[PDB]
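Have a look at the structure below, then the notes.
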Amino acid sequence: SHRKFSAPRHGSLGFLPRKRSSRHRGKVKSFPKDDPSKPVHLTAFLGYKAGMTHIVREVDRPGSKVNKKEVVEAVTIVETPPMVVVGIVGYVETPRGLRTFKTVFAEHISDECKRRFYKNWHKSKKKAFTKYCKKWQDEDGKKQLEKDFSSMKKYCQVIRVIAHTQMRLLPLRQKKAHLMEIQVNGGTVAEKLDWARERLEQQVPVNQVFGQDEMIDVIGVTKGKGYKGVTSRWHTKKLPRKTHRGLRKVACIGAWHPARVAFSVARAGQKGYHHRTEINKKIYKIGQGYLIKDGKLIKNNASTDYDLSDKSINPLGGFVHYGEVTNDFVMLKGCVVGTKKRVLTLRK
Amino acid sequence: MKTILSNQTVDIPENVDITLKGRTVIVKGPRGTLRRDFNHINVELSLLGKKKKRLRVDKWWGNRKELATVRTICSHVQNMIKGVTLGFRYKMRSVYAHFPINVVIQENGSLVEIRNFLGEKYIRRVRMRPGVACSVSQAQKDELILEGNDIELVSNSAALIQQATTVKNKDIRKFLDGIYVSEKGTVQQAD
Amino acid sequence: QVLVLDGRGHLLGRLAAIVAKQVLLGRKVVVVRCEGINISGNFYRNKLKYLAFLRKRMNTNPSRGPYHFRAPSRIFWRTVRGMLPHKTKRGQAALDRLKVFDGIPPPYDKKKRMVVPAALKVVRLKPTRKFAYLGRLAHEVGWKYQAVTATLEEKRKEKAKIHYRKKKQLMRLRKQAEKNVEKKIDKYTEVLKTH
Amino acid sequence: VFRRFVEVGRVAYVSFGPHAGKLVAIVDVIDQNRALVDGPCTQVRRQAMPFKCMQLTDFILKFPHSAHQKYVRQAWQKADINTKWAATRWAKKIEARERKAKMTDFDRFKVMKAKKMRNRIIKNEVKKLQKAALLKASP
Amino acid sequence: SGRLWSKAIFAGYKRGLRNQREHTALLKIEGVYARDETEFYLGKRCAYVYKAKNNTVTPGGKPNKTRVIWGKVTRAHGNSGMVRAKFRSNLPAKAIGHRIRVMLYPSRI
RNA sequence: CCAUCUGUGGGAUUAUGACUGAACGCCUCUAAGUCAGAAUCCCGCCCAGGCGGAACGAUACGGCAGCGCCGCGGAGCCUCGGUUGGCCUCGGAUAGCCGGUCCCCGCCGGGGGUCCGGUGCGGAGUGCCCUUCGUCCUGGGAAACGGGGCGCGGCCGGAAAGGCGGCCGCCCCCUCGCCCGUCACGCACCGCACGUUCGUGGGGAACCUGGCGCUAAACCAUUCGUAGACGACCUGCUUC
RNA sequence: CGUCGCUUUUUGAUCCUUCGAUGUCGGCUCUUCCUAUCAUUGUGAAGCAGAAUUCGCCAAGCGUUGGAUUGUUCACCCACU
RNA sequence: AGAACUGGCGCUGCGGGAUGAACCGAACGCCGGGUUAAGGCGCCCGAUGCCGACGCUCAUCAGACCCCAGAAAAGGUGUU
């Protein structure tokens with residue numbers, strides 16, 4: 001009793017279900033709450049991290065000892081082909097939180113979209129929305145589709161936009177779109193909505209939502225490490241060498257008189273594949289890649305104002321376990337949640 | 001004891017007239033208006049008579065601790081009637097040691113930015129309650145004048161300056177710095 | 001069939017006692033606008049004894065154990081659950097009738113609400129003593145949907161004031177209609193017999 | 001505010017107790033919550049009824065302070081209260097309230113037939129004021 | 001045409017605090033709320049009407065899924081004016097909170 | 001931590017400090033009233049999402065099936081509870097509601113006179129259908145909408161749970177839908193229980209039955225490995 | 001000089017429970033909790049000029065280590081903070 | 001730990017004391033009616049759903065029924 005030497009906690013109780021996330025895409029818990037004084041824009045965005053390289057920058061921090069000198073810094077580059085806005089969803093709040101009022105999809109939807117709405121593309125007859133596209137085309141539902149905008153505009157309060165990645169531009173095996181639902185923090189809710197009515201099934205790059213040196217947040221799903229016990233999952237101390245029944249355990253998992261094991265205590269279970277939300281990553285360089293066909297292919301990436309070589313950001317022989325970066329990208333200071341070839345969602 | 005009744009009498013001069021929507025008191029005078037609602041205190045207010053405007057607040061049975069609050073009614077009404085014919089000029093005088101405190105007003109007579117208090121890099125924005133007025137007194141060193149109708153809001157304004165310029169972690173018997181109030185007076189002097 | 005209790009202006013236990021008996025007799029009550037429920041005593045006392053309830057927590061996992069609700073909908077509800085024999089099935093089924101609602105919902109806004117004079121703030125407190133709201137302490141503890149109910153309190157009160165506009169308009173004429181002729185042969189049987 | 005008080009000579013109604021329904025006249029107060037009443041021409045004799053029992057009217061009288069029974073009796077009927085209590089719109093309310101309980105069951109039938117006749121006339125005539133409020137503004 | 005009885009919810013059994021007596025009921029009938037005006041309701045014949053799956057008909061003709069349990073009012077109970085009762089069977093104890101039918105029978109008027 | 005990367009602000013207040021100000025003619029931070037106020041307290045940020053709820057998609061043929069929505073009556077099985085519904089001011093309680101001129105919000109609703117009512121009668125101890133046996137024969141008062149509906153179709157109103165409410169324009173048809181009376185009949189079942197509704201209630205199974213439509217999928221085996229102790233998840237599969 | 005208590009972190013007093021057994025000192029490992037606060041924040045009082053200390057209040061959110069001897073709880077000592 | 005008088009549990013239920021050997025009532029065949037005991041009468045829970053009567057008391061740790069399950073010295077312009 002009375003430990004005789006105070007020790008801090010092992011692990012955090014704020015992440016207590018050390019448990020597989022219910023999801024594969026990084027769900028955004030809370031978009032930044034809209035102030036309509038700003039011009040109309042998005043917040044969140046989908047992107048696939050590829051690998052890491054590093055960088056040399058002229059640091060500029062007057063007051064520090066680092067200043068005016070070359071620093072190497074770890075970056076991570078994230079391949080972001082442009083999204084396609086397909087749907088609009090309006091929410092109305094209740095006294096029980098936001099309730100999804102109603103949805104509007106696109107006029108015609110692409111091919112990798114419908115592959116998300118099925119668990120097996122081969123066996124299926126690819127029949128999604130084939131009785132939905134008639135009410136954009138025939139007039140009979142078409143005057144009650146604009147009813148669904150007129151009653152959208154009056155009642156709903158925060159509108160969100162169903163958009164997804166383009167998998168045709170990505171070197172993986174997957175070919176399922178990652179469909180999302182991202183919030184416009186625009187002005188008045190008519191003009192917050194009159195911006196997204198313009199642009200169903202039209203592409204949106206990253207350099208409109210994000211810019212150079214805009215500090216964003218990363219939401220994504222962590223490493224798959226497996227099923228690992230106490231001193232590995234929670235980093236509790238190994239026992240001394242003499243110990244019968246095991247070196248690698250925690251020993252005392254409770255008192256007597258609470259005759260019941262607490263939740264606070266560390267014990268064996270599943271390590272990794274958790275959902276996490278990284279905060280305050282800095283964008284360094286918005287990249288554009290592999291332009292038009294007249295100049296038959298100009299590559300020209302990895303080009304500062306001082307290295308100045310017709311290069312490409314993928315390394316000499318492709319990234320390890322990724323593929324080959326062909327698209328627009330985002331590069332970010334430091335290490336970022338998730339394995340290679342794994343979707344992670346960005347956020348202002 | 002539960003005494004039968006108690007009553008004060010409040011006279012109103014002729015250039016100010018008081019109307020009520022119930023317990024709420026609306027006072028309008030020469031230099032504006034101000035109003036106070038007494039929606040919590042449970043005592044009737046009685047205007048009586050034309051040409052003269054005698055006010056007579058009277059409280060019936062009551063316990064003694066509710067008997068004590070009826071004088072508080074007439075002592076708050078006679079700081080609106082005076083506050084709408086005269087208003088309250090508060091003269092706070094700055095005292096300083098080796099460092100001279102310097103002070104400005106930015107927003108129209110409502111915001112006060114105090115600097116070089118005792119030797120800080122830190123400035124102090126003392127935003128006032130809406131309805132009072134700033135004034136730096138001239139023909140006098142470092143005197144700050146606060147005006148307005150409502151004696152709560154003027155003294156609430158005059159407290160947030162005296163309480164912001166406080167020396168901490170030191171002797172406060174000595175190290176006498178600050179912006180202390182010195183005199184609460186009238187705007188229309190002697191009327 | 002159903003009775004509807006307007007909830008404002010009442011005390012907590014002095015109303016919830018009466019509901020707990022009327023729901024044990026096979027009736028169906030719906031308490032509406034349970035935000036303006038009062039509670040006797042000053043506010044900071046009624047906030048201490050609800051933070052004292054929040055420190056009650058079982059020390060092996062709180063996910064089982066005392067479920068501290070926060071909305072004043074489910075605060076009045078957990079009080080009434082205290083006054084019914086919920087561990088037996090006769091007290092389980094006396095919760096299949098009480099449907100507390102906060103704000104005034106659209107199934108229950110267009111009914112003539114009934115109030116309880118046996119539980120009001122006017123009657124039961126001595127007027128010189130201090131009283132809290134169930135609404136604003138639930139604002140202090142976790143119920144973060146306060147203003148988006150007071151946004152909807154006025155948006156119902158806006159459309160209700162326009163009904164009273166035209167209910168008295170459909171009542172102002174029938175006083176003018178009874179100023180017309182040939183009814184007084186049938187006023188004769190009612191003025192004699194309590195019109 | 002507080003338009004009618006208690007006073008030596010205030011006619012008061014008595015809603016309940018062992019003297020329910022009849023009037024009194026306050027002769028003197030004794031200790032705040034109780035008071036001394038008597039009534040000469042309303043058959044309630046001189047005793048102490050409490051204030052939460054009773055019920056105040058508008059009628060003051062002119063008494064000496066706690067005089068004998070005879071000096072209530074003259075100033076009562078010099079004021080002639082039961083006439084001034086008759087044609088008021090509050091004693092008609094209590095007398096209507098007691099007519100309806102003792103209403104015999106055939107008299108419930110006569111009311112029921114002759115109530116709906118004036119409902120099937122007022123409802124069929126206030127509907128025309130709805131017709132005449134909109135033919136006006138039809139241009 | 002017309003209803004000829006009084007609505008009367010079934011409140012409990014005549015209980016102590018631990019044990020209850022099955023052999024007398026007690027009824028809160030709708031309308032009376034004092035002991036002064038329960039003198040009308042004394043000795044009135046009351047009945048609990050419910051359903052079954054089987055068919056039988058006491059009166060009339062054709063049988064049906066309805067059967068009844070009789071009873072009568074015994075005496076008053078408490079100043080709130082509910083009424084203890086005494087049926088010729090004991091109650092099913094489902095009936096708590098349900099009402100029964102209390103007739104206009106056995107008049108002394 | 002032996003390499004690198006990041007770690008988050010709002011509110012009510014405690015202690016203390018004041019204001020205004022009585023009690024007690026002053027005074028007083030308090031008796032009522034207010035203000036500042038922090039590693040504490042709650043929330044956000046952050047993690048999981050329930051015997052909780054939405055929105056939206058797709059809804060099974062072949063060779064004969066089979067299945068929705070709407071119109072159906074016939075019979076059978078089971079679960080039971082009810083016996084008319086009130087279609088809504090805000091709030092105040094040392095105060096309140098009615099009707100009403102003057103000068104204000106795109107021809108209504110807002111502020112003040114004044115007039116009523118008030119132990120609430122423009123009164124849920126109240127109100128309206130109503131306790132409607134039905135019908136005929138016949139006369140007086142009330143009446144110019146007819147009112148159910150398979151209606152026919154249109155219209156906007158009401159999102160916090162819209163599942164709910166009115167109008168217009170035609171129509172098989174009603175000119176007997178109510179009060180006061182004239183005249184006479186229907187099971188008048190021989191004193192007697194579960195009658196009178198809701199309601200052609202809620203359930204699932206099958207046959208004769210009109211009009212409209214509907215031609216999917218999941219899971220597994222197979223593959224991948226962003227994942228895995230096995231399940232779970234992640235993906236792939238076209239005759240290009 | 002007195003006098004009123006609290007507390008069960010010290011021993012003692014008692015034998016109520018356990019003798020068909022409740023595994024009994026100390027350390028190592030890990031979690032929680034109390035507040036009679038050493039430090040950190042807010043503050044008030046000094047024989048508070050500043051610095052440095054001392055007394056009380058709100059306060060358990062977060063900290064309260066590295067070793068020599070001892071088998072030790074304790075004790076002692078160097079070093080840091 | 002040890003006594004004296006008498007009662008009580010042990011051997012004994014039931015009502016009440018939330019719960020209990022021993023308190024307060026009260027002692028037992030099986031039952032139907034009526035009434036009270038100790039106790040209680042916001043709702044769990046039968047009964048004040050009385051127009052109960054008179055005064056006191058506000059706590060940022062209120063107080064709330066013998067044994068009985070938490071308290072003193074001392075102090076207060078908190079209030080009579």
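In the structure tokens, each chain is lettered A, B, ... as it comes, each chain's residues begin at 1, and ligands are numbered from 1 in order of appearance.
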message = Please check the contacts: residues of chain C at most 6 Å away from chain A, using only C-alpha atoms, listed as an MDAnalysis selection string.
response = chainID C and resid 60:61 145 149
The selected residues should be written to file as a tab-separated table (two decimals), in the first residue's frame (atoms: C-alpha atoms).
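Writing done, so here's out-v2.tsv:
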```tsv
chain	number	residue	atom	x	y	z
C	60	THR	CA	-13.86	-1.48	-12.98
C	61	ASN	CA	-15.66	-0.15	-16.06
C	145	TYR	CA	-28.49	21.14	-27.79
C	149	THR	CA	-34.33	23.93	-28.90
```
message = Env of stretch 179-189 of chain A: 9 Å cut, atoms = only C-alpha atoms (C1' of nucleotides), seq-sep filter 3 positions within chain, self excluded. Answer as number ranges by chain.
response = A: 25, 27-28, 31-46, 87-89, 113, 116, 153-154, 156-165, 176, 192-196
Neighbours of chain D in chain C at 7 Å, counting only C-alpha atoms, as number ranges by chain = C: 173-174, 177-178, 183, 186, 189-190, 193-194
Please write the residues from the selection above to a file, keeping N, CA, C and O atoms, as a PDB file, in the first residue's frame.
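The resulting out-v3.pdb:
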```pdb
ATOM      1  N   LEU C 173     -66.602  37.072 -34.282  1.00  0.00           N
ATOM      2  CA  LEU C 173     -67.800  37.202 -35.092  1.00  0.00           C
ATOM      3  C   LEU C 173     -68.998  36.545 -34.429  1.00  0.00           C
ATOM      4  O   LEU C 173     -70.125  37.012 -34.599  1.00  0.00           O
ATOM      5  N   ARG C 174     -68.792  35.465 -33.673  1.00  0.00           N
ATOM      6  CA  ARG C 174     -69.956  34.825 -33.075  1.00  0.00           C
ATOM      7  C   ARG C 174     -70.485  35.583 -31.873  1.00  0.00           C
ATOM      8  O   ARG C 174     -71.574  35.260 -31.394  1.00  0.00           O
ATOM      9  N   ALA C 177     -72.495  37.696 -34.139  1.00  0.00           N
ATOM     10  CA  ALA C 177     -73.600  36.928 -34.691  1.00  0.00           C
ATOM     11  C   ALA C 177     -74.740  36.782 -33.700  1.00  0.00           C
ATOM     12  O   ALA C 177     -75.905  36.717 -34.105  1.00  0.00           O
ATOM     13  N   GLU C 178     -74.432  36.718 -32.408  1.00  0.00           N
ATOM     14  CA  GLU C 178     -75.459  36.639 -31.381  1.00  0.00           C
ATOM     15  C   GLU C 178     -75.999  38.007 -30.991  1.00  0.00           C
ATOM     16  O   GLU C 178     -76.825  38.095 -30.082  1.00  0.00           O
ATOM     17  N   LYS C 183     -82.945  34.395 -31.434  1.00  0.00           N
ATOM     18  CA  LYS C 183     -82.283  33.323 -30.697  1.00  0.00           C
ATOM     19  C   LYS C 183     -82.823  33.322 -29.275  1.00  0.00           C
ATOM     20  O   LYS C 183     -82.720  32.329 -28.551  1.00  0.00           O
ATOM     21  N   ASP C 186     -84.607  30.698 -27.503  1.00  0.00           N
ATOM     22  CA  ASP C 186     -83.825  29.612 -26.947  1.00  0.00           C
ATOM     23  C   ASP C 186     -82.801  30.066 -25.922  1.00  0.00           C
ATOM     24  O   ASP C 186     -82.131  29.220 -25.330  1.00  0.00           O
ATOM     25  N   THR C 189     -84.513  29.021 -22.136  1.00  0.00           N
ATOM     26  CA  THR C 189     -84.354  27.789 -21.387  1.00  0.00           C
ATOM     27  C   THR C 189     -82.981  27.663 -20.746  1.00  0.00           C
ATOM     28  O   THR C 189     -82.765  26.737 -19.963  1.00  0.00           O
ATOM     29  N   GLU C 190     -82.054  28.561 -21.049  1.00  0.00           N
ATOM     30  CA  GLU C 190     -80.691  28.418 -20.566  1.00  0.00           C
ATOM     31  C   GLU C 190     -80.313  29.441 -19.518  1.00  0.00           C
ATOM     32  O   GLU C 190     -79.573  29.114 -18.593  1.00  0.00           O
ATOM     33  N   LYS C 193     -81.576  28.039 -16.668  1.00  0.00           N
ATOM     34  CA  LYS C 193     -80.963  26.760 -16.298  1.00  0.00           C
ATOM     35  C   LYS C 193     -79.456  26.761 -16.556  1.00  0.00           C
ATOM     36  O   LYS C 193     -78.920  25.806 -17.123  1.00  0.00           O
ATOM     37  N   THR C 194     -78.764  27.832 -16.135  1.00  0.00           N
ATOM     38  CA  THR C 194     -77.299  27.977 -16.203  1.00  0.00           C
ATOM     39  C   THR C 194     -76.788  27.864 -17.644  1.00  0.00           C
ATOM     40  O   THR C 194     -76.345  26.809 -18.103  1.00  0.00           O
TER      41      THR C 194
END
```
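For the atom pair formed by atom CA of residue A:174 and atom CA of residue A:19, the distance is 25.1 Å, given to one decimal.
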Interface rows for chain C against chain F: nearest pair, Å to one decimal, 7 Å, only C-alpha atoms (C1' of nucleotides), as a tab-separated table:
```
residue	atom	partner	partner_atom	distance
C:105	CA	F:160	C1'	5.8
C:106	CA	F:160	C1'	6.8
C:109	CA	F:88	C1'	5.7
C:110	CA	F:88	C1'	4.0
C:111	CA	F:88	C1'	5.3
C:112	CA	F:88	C1'	5.9
C:122	CA	F:93	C1'	6.8
C:140	CA	F:42	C1'	6.3
C:141	CA	F:42	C1'	5.5
C:142	CA	F:43	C1'	5.8
C:160	CA	F:89	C1'	6.2
C:161	CA	F:89	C1'	5.1
C:164	CA	F:89	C1'	5.0
```
Keeping C-alpha atoms for every residue in the selection just given, could you write it to a file as an mmCIF file, in the first residue's frame?
```
data_model
loop_
_atom_site.group_PDB
_atom_site.id
_atom_site.type_symbol
_atom_site.label_atom_id
_atom_site.label_comp_id
_atom_site.auth_asym_id
_atom_site.auth_seq_id
_atom_site.Cartn_x
_atom_site.Cartn_y
_atom_site.Cartn_z
ATOM 1 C CA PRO C 105 -42.912 18.049 -30.810
ATOM 2 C CA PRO C 106 -45.176 18.175 -33.875
ATOM 3 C CA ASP C 109 -48.095 20.623 -30.420
ATOM 4 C CA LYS C 110 -51.644 20.732 -31.804
ATOM 5 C CA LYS C 111 -53.338 19.340 -28.697
ATOM 6 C CA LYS C 112 -54.788 21.348 -25.833
ATOM 7 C CA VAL C 122 -46.563 29.856 -7.937
ATOM 8 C CA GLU C 140 -24.164 23.144 -17.623
ATOM 9 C CA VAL C 141 -23.947 19.351 -17.765
ATOM 10 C CA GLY C 142 -23.452 18.064 -21.269
ATOM 11 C CA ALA C 160 -49.008 29.475 -32.290
ATOM 12 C CA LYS C 161 -49.457 33.247 -31.888
ATOM 13 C CA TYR C 164 -54.588 32.767 -31.442
#
```
key: Selection: 9 Å around residue C:30, only C-alpha atoms (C1' of nucleotides), excl. self and same-chain fewer than 4 positions, as a PyMOL selection string   = chain C and resi 2-6+97-101+108
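Residues with any atom within 12 Å of residue C:53, counting only C-alpha atoms (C1' of nucleotides) and excluding same-chain neighbours fewer than 6 positions away, are residues 46, 47, 66, 67, 68, 69, 70 and 141 of chain C.
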task = Please provide as a ChimeraX atom specification all residues within 12 Å of stretch 59-76 of chain E, with the sequence filter that same-chain residues fewer than 5 positions apart are discarded (counting only C-alpha atoms (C1' of nucleotides)).
result = /E:8,23-29,32-54,81-92,95,100-106 /F:80,189,192-195 /H:33
